[PDB]
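Ligands are counted one by one from 1 in listed order, and the atoms in each one are counted from 1 as well. Numbers here simply count residues along the sequence, with the first being 1. Keep in mind that the numbers below use all heavy atoms, side chains included, and drop hydrogens, waters and symmetry copies.
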Amino acid sequence: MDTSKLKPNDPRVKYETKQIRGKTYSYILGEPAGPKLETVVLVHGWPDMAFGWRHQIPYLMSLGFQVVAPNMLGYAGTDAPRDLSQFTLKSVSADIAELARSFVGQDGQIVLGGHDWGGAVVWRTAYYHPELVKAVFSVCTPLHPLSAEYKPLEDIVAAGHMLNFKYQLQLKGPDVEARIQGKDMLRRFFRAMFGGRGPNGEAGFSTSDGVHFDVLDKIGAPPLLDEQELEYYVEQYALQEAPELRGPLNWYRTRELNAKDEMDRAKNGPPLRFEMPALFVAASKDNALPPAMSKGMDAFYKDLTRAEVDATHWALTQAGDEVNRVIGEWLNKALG
Ligand SMILES: O=C(N[C@H]1CC[C@H](Oc2ccc(C(=O)O)cc2)CC1)N[C@]12C[C@H]3C[C@H](C[C@H](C3)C1)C2
């Protein structure tokens with residue numbers, strides 16, 4: 001089979017929905033070349049969608065894997081509940097567990113991979129559902145420990161800490177949700193988020209201040225999406241009810257809910273400990289998720305493989321071939 005990246009509306013895969021824990025979940029389903037060896041579930045982040053795995057999906061199919069890549073809660077053809085408790089890592093992990101078992105059966109196991117917010121999801125899924133997850137990998141996103149405390153991000157950055165996360169204040173508030181509505185604004189947003197620049201090279205997004213709305217009308221073509229890829233992101237995001245970014249931005253509105261879930265697990269529940277094979281792929285030039293942030297993470301794993309790829313945040317695509325071979329070689333070791 002052709003292993004080149006999925007194009008928009010690619011015919012090598014199926015596009016389906018299933019009811020999952022009270023929500024319509026849409027996903028990409030790729031069937032294996034040859035006998036099915038494993039099922040791989042792939043979890044994207046923000047502001048991405050299942051199509052963000054376009055380089056990995058046909059590659060994994062060619063190796064004999066069934067691939068299920070959902071549009072996560074809030075995104076594209078998937079429901080965007082009003083209730084923020086649906087957007088917690090624990091609830092979305094349970095969604096993933098039910099969706100995965102709808103393919104492999106309740107007794108089955110999966111390989112689970114994530115990027116960005118999806119990487120945070122898959123570490124929690126392997127923690128909440130060890131019965132299900134045979135092997136787990138994350139691109140860019142390292143492990144964070146179980147939250148023992150909750151402090152508003154406002155106070156954290158006001159104290160001079162976690163300043164590379166300050167854009168999340170803007171994302172969780174009203175401004176992006178209110179201003180980025182409709183296809184034409186979504187297109188400008190995606191030009192910014194995938195590397196487009198203004199007439200004098202100004203960025204459309206920063207980790208300090210978030211989306212730079214005044215740059216958006218003059219932002220040029222993104223280097224990390226071709227024109228039809230850009231338009232597919234616009235079209236798919238436009239499936240959401242106005243305001244279209246409510247669902248995706250709800251992921252930044254769960255800090256307190258997630259903390260409450262995990263302060264519990266951190267006192268009664270089992271410790272964070274991954275006995276199954278795990279892979280962490282860092283990205284050299286990710287300024288939100290720099291490799292240095294993964295420093296103390298190996299102690300939580302019996303069997304963690306580390307890799308680094310020379311790419312920005314959008315490593316699945318910009319370094320797609322290298323990421324593919326890191327994953328494929330690790331799976332050779334992890335599954336056999
Ligand atoms: O915020 C998160 N991703 C955004 C994705 C888009 C990027 O913006 C970019 C990136 C690159 C470019 C470019 O190449 O030009 C432009 C804009 C900024 C960060 N990810 C999380 C994932 C987990 C959970 C929570 C906290 C922490 C760890 C990071 C969210």
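- Nearest protein neighbour of atom 18 (C) of ligand 1, counting heavy atoms only, is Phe205 CE2, 3.7 Å.
- Looking only at protein heavy atoms, the nearest one to atom 1 (O) of ligand 1 is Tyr167 OH, 2.3 Å.
- Residue-level proximity to ligand 1 for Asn287 is absent, since no heavy atom of it falls below 4.0 angstrom.
- A salt bridge (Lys or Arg N to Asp or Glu O under 4.0 Å) with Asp10 holds for exactly one of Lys7, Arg12, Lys14; it is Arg12.
- Taking the ring centroids of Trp251 and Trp117, they lie under the 6.0 Å cut-off.
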Verdict with reasoning, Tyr237 to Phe189, per ring-ring contact (aromatic ring centres under 6.0 Å, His included) = CA-CA 11 Å; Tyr237 269 56; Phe189 170 78; 7.1 Å; no

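- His115 and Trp53 have perpendicular rings, their planes meeting at more than 60° on a 0 to 90° scale where under 30° would count as parallel.
- In this structure, the protein non-hydrogen atom closest to atom 26 (C) of ligand 1 is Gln168 NE2, 3.4 Å.
- Among all non-hydrogen protein atoms, the one lying nearest atom 5 (C) of ligand 1 is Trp46 O, 3.1 Å.
- No part of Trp251 comes within 4.0 Å of ligand 1, judged by heavy-atom distances.
- Checked against the 6.0 Å centroid criterion, the rings of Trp123 and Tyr301 qualify as a close aromatic pair.
- Between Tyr127 and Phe300, the distance separating the two ring centers is not shorter than 6.0 angstrom.
- Closest to atom 16 (C) of ligand 1, if we only count protein heavy atoms, is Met193 O, 3.2 Å.
- With respect to atom 11 (C) of ligand 1, the closest heavy atom belonging to the protein is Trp314 NE1, 3.7 Å.
- One side chain, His212 or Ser206, offers a donor N or O that lies under 3.5 Å from an acceptor on the other.
- Between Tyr167 and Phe165, the two ring planes are perpendicular [angle over 60°; tilted spans 30° to 60°].
- Listed by atom number, the atoms of ligand 1 under 4.0 Å from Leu224 heavy atoms are 14 (O).
- Among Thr125, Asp116, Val121, the single residue meeting the side chain to side chain contact (heavy atoms under 4.5 Å, CB included) criterion with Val43 is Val121.
- Here the heavy atom of the protein found nearest to atom 21 (C) of ligand 1 is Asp116 OD1, 4.2 Å.
- Between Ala120, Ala283, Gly195, it is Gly195 that holds the heavy atom closest to atom 13 (C) of ligand 1.
- Among protein heavy atoms, the minimum distance from atom 23 (C) of ligand 1 is reached at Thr141 CG2, 3.9 Å.
- Within the 4.0 Å heavy-atom shell around ligand 1 one finds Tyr252.
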